[PDB]
Amino acid sequence: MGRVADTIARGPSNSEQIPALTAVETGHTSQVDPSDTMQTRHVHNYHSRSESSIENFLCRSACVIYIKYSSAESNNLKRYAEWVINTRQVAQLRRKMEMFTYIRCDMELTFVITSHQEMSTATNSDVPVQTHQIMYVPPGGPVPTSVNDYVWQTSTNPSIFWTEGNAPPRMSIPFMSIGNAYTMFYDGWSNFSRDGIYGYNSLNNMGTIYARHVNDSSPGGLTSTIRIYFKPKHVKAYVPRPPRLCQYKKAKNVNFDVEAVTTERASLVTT
Amino acid sequence: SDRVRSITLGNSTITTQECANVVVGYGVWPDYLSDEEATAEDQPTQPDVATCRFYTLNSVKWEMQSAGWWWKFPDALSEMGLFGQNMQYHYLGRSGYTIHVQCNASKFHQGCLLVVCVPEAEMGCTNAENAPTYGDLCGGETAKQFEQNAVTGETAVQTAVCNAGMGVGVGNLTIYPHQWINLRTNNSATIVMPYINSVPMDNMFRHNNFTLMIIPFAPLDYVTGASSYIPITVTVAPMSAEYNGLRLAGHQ
Amino acid sequence: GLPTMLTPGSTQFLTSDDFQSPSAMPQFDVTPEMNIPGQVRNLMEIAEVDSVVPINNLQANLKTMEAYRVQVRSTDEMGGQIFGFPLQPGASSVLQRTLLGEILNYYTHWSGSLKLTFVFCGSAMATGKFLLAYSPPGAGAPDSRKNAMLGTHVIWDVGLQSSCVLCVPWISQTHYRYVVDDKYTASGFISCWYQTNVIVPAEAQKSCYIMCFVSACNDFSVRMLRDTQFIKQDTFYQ
Amino acid sequence: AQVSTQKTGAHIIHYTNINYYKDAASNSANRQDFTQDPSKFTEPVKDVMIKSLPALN
Amino acid sequence: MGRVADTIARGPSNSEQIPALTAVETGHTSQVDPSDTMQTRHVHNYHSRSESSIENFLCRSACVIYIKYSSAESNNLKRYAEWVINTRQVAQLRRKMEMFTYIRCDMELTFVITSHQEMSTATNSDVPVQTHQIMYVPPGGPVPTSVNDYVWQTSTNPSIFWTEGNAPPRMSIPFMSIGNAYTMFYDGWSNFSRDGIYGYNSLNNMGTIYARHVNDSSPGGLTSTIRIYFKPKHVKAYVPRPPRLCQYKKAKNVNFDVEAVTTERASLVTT
Amino acid sequence: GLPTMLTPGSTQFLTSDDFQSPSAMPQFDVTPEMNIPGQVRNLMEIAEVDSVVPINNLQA
Amino acid sequence: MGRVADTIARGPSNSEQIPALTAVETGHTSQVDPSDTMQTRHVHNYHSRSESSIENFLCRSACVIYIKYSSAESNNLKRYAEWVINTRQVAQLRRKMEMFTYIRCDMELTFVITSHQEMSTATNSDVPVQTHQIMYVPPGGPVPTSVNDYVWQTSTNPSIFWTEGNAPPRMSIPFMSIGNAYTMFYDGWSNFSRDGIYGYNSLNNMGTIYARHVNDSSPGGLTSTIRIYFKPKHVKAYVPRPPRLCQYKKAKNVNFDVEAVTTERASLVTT
Amino acid sequence: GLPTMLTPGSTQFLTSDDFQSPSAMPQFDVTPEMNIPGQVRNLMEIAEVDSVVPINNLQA
Amino acid sequence: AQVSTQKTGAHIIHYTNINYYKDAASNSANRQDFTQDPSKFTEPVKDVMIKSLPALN
Amino acid sequence: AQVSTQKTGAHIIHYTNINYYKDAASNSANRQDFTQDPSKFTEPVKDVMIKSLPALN
């Protein structure tokens, strides 16, 4: 297992060994212990670095979008979802994955689907329990264009059917990428002319998740909302990066606005 | 002593007499692609000593108001030697490097630089609705330079050091392979990068593996009457270059 | 069937769980691994790396490069205190936006020694000594060099070696200190003073600079995740 | 069934895990791997630097 | 297991062996490797042909019909379903099985049954949860003629009872055919005179699936809909066929309308 | 009985699953197999066969 | 196991041993058996002290607070809960833990969440089943300020989602404290100047539990209420204390009002 | 799956039960124990200790 | 699986317990530990007092 | 119980399957059979044609 290094005792010294002096004119950072600048005592130290792994750091579920869709078209919600998969909508899950240049992992998608009735003029409203379909179209497939069409037959597309009141539905998505790891920062362009889309959005192409109410519309109608949650598993993350300092602007770019390094102080010397 | 090094690659050699070690980026020394990590099913040309050898990029003047410089690779070697003539006849390529920044100064000069190789440095843009045009990322052998204060253009790269043109704290560029050229100790920095990418080889023109950045962290300062021009010269030598998937000239 | 009953909490979704769940593409052939350099396996392989510390963060230095360097200079008296800030990484303004402050602000506990490595960016004919110091809490910051040297301290002498490491010890009445500022578990003070003076010849500058780096030692650990509060949004980015 | 040690706290302690699915991407996440190697972000230098010696001779 | 062939290195050659020349005046297609027209290198190749089996190709569920029926007769929906089993209603599941001449397989029928309330003048409407019956009458049995009659006693007929809100009900149907495989194309006629029905519809005779609401009608009434899903298992498919080029016309015939081989191009030479 | 709980996704119908399900005719005697020529076991036994290519697809 | 001591027979005695006399001028309490003041007989005694352990005493669940929150703001209930964790709200669970100075234990938090409709002018009210979120923010995290904001993304915070009608949700909280035991009485002050907060409330700093309705508000609105229940486990309790004699006043102090030692009697001699 | 049924009392919460329940912080490193004097293991280690009795409890 | 004796009453009697979780704080509560040590609240004295002897000699 | 290998990906990995029903048409689908024989749609010729020789002598 993993545990912190023990502190080891030393007496006073008065030798020609200098641990304290170093030159940080090299990438080599100092390796000094607190057993090299003062005497210390033997402390058998039982602390574990067990929550600072990259499979405890990244391995908690986090929301990545919500899509709303309606059974009567409440106010520009259509009757089906649609959402081109990326991790860039949020600033939570996104930030932790932009702290590494490359990550390979196996997600678990968990959906949390809830509904609420609309304002409507319908009276004597009783609806049976809703069933929702969540279909995943890998890129280049056919895309639905209406609530009912042939695309929702799910002839080979992965699809989840779920009825309200049951536990949130989840599934695992294996590591699926052209690369040998997902790329979180791409410095290239789509074209060889250095034209078109620039950045990580060039490589992003993970398909689209649609969803709809299976049930034919009731008179009152409802508005459902689906919240997608990704939880990495089996994570190997290569090449670390300084975490973001700036608020994001866009989900396809890194554009940023210039921001302060740190919060103010009164002066150099502050208690 | 430990202040003296010599590096010989190809028919070039570069020597130093004030030096602090060599930083091997991520502790992997560059070497040819294995047959267990291959993916391209044709013989790779490996020119060897015709492409692995020090090339010298244009020198930049370190002024007392300079805010830094950057060169994207391998777009700064696109015109250099026979390295640049094997990116134009191949769809693929991979190659480590051994960037060597050098910048001598007297013992009455003072100043500090951070020489850092940033894999996959993706630059911002002044307008947040646009992504920067090609000419504003790369200058070829000529460095594009940071500005002290935030700039406003349209397709211009957002250049302010304090964000490093990436929106990350500039002091936190240190997990990336780096050395410091501080003018009271060393006067050279050597960073041996391996090939770092998520695919085994990738098209040289389209994609930029890493971006060198040289950022003054303490301004050049001297008492007047001393030398007023001190240049920073960056040489870089490909290591274990191999290219594959030969096709016609160009990059159209 | 097998007669079973459902214990409390059984249709819940807990974000910190790990359970098995059926694959959405059966018999999927994942792409082979390759050795991409620099695999991270723990975040004490990022928090043990030096990071420049903005110890001159005033209010006009925050968007410049002046943040990261504090001017030390020849004086005609003795010179006072170059800088001083309360230690408490991830809640001190000085230390919370470095790599031992944006990797501690995903945690709410931290422990073990850290270390500060100073570097002198003066001329090669400039020389001086400085008394680096750390005073455990319970007396406030030292207000004179006399009181500052009663704490743990390291006299740095600027020579060919350009850097000297004040390695703060642990010293706490708890095994972990909160990342957030809490008066219960205050973490003491760092202060730096002129041991002697910066003495430099006529034809070289009278102003130099000291920069500070911060990294954790190999006895450092953290516990218990929380989301960072340095990032925010009003709506989805699109 | 695989029988493995739990996370125990310092001064029984086993758990049984059976994998039920045919894909190895359906297995519960690893959290028992605590392996490290700091010395490649921390000491990336070509030539070893010994702590007790001056860095620059 | 199954894996792709490795590429094997060869140097230049200048011999009297011609792998490249062949004669396609025979059914024998060329067996040339890319190691026979250029040098190549040894590539140990780990790709698996594991998703291109016929028990991964055909072994995903696909809709094959929906039938609607009502608890008050909404608009010509009767009070029970009825549907003579065939796979020819759809163009999804049908196409994949008309890519083989003969298939033997064991289905899994999964039903997904949903309901919605009708437009009605009833007020103060509260309905208990519905129970639906799905009865399978093998051919030559008695057929229901009303919502309640003796045929729904299910004295020996397979039948599923299911109450809304529970998971979709499923069952397995073993390989049941007169033949030693299902026939997807029959070139014969029903009669020996070459008269009557022609094509595969002659052999088709798989019984009929009926369904109804078990519950006696409530005042408001409902309209339920049942979607049948077939998933092959244990599939052995014999004799392959070119997949369809043309849209279908009828579910008992192959009649087709003449259609283009391929989409247009500007010219012979196009970039 | 045995105290068990239901993990997320458990009344779902996933089209790509394979689970066991009770037979709808118990003890059914399936018709014997015979060797019908040309069994396909993989679709790289159809995709490795020559097929004429319409390389002169214009518009007429 | 644990069982009571047996009574052992003795005959009459007339010796110079005095078990009965003792001096309670020492902390040493008398150890006399009833076999030392009268003859007794051998009684093999099977009673067990098995319900007077500290893991049977403290190991039953007990309510520690209820928080109310609303989906329409009934009357100053907001739309989310909030409650800074402590055990001092009640007088039940509190008293049993103020009978020991220090306790280390692993809780089980069980929530019992119920709802009732508000008085409202809404008509034709039908609500789908509610889903409630209970988020735990360890101290120093970001705190929600509205029903919908970024804090409820639960990017690393523990959180429970639960839908009404299911069994009460529970979880275990390991022993989490700075100390090597929880402190139930602190005699110090927060500051070193002996200023600021005094008592056990100085050390208390256990984070905050928030909760809300996941569902977007319906027209009628509801008022939900959550009751938290703590059950110690694995309890080691050090240093006993006399139980409280006085009613509590405050949940951050021990302030008390002077109260009678015991209930009245008529006289010294009462039958 | 395994065919099981739910016996009476199975969504109940009984306060005197003990069942296992999933941890809310996986892999949490609890603080080490130390020997704090005077561990109580039973409440007949408090009820076997002398306590002054108010045998002159009148009303004043 | 750990097999342990039930609480039996005085004048089979086994139960099986399997731990399913990876934390030892998720285990069901102990209730089978009946260990005691009264003599440190009851007889805290430095020098042993024998019952049959007078306390103060 | 039958214990079989999962689908593993390239550079534990077992799963247990028990059949609960009395019909063999109730068993979960095969997906672990990757057997092939291309040479009867690909090389149906009576007399073997060797690749390196001309097809028509």
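In order of appearance the chains are A, B, C, D, E, F, G, H, I and J, and numbering begins at 1 in each one.
Here, a residue touches a chain if its C-beta (ideal position, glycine included) is under 8 Å from a C-beta of that chain, and two chains touch if they have at least 3 such contacts.
**Student:** Return the chains shared as contacts by chain B and chain F, ordered by label.
**Tutor:** Of all the chains present, those in contact with both chain B and chain F are A, C, E.
**Student:** So which pair out of E-F, A-F or A-H basically repeats G-H, with more than half the contacts the same?
**Tutor:** E-F
**Student:** If you tally contacting C-beta pairs for every chain pair, which pair wins?
**Tutor:** The chain pair with the largest number of C-beta contacts is A-C.
**Student:** Return the distance between the CA-based centres of chain C and chain H, expressed in whole Å.
**Tutor:** 42
**Student:** Take the average of all CA coordinates in chain F, do the same for chain J, and state the distance between these two points in whole angstrom.
**Tutor:** For chain F versus chain J, the centre distance works out to 14 Å.
**Student:** Just curious, how far off is chain C from chain A if you go by their C-alpha centres, in Å?
**Tutor:** Computed value for the inter-centroid distance: 26 Å.
**Student:** Of all the residues in chain I, which ones touch at least 2 other chains?
**Tutor:** Residue numbers touching two or more other chains: 19-23, 25-29, 31, 33-36, 41-42.
**Student:** Pull out every residue in chain G that's touching 2 or more other chains.
**Tutor:** 2, 29-30, 49, 53, 59, 110, 150, 153-156, 158, 161, 163, 166-168, 170-176, 178-179, 231, 233, 240
**Student:** Where in chain F do residues touch at least two different other chains?
**Tutor:** Touching at least two other chains: 1-4, 6-16, 18-23, 28, 30, 38, 41-42, 44-46, 48-49.
**Student:** Which positions of chain B touch chain C when the two form their complex?
**Tutor:** 25-28, 37, 67, 107-112, 148-150, 160-162, 169-172, 174-175, 180, 182-185, 194, 196-198, 200, 215-218, 221-223, 225-226
**Student:** Where on chain A does chain E make contact in their complex?
**Tutor:** Residues of chain A touching chain E: 124, 126-129, 131, 150, 153-156, 161, 163, 165, 214-219.
**Student:** Where on chain C does chain J make contact in their complex?
**Tutor:** 26-33
**Student:** Within their complex, state which residues of chain A touch chain G.
**Tutor:** Interface residues on chain A, with respect to chain G: 60-63, 90-93, 96, 112, 114-117, 119, 122-127, 130, 164-165, 168, 222-223, 225.
**Student:** Can you name the residues of chain J that touch chain C in the complex?
**Tutor:** Listed in rising order, the residues are 7, 9-11, 31.
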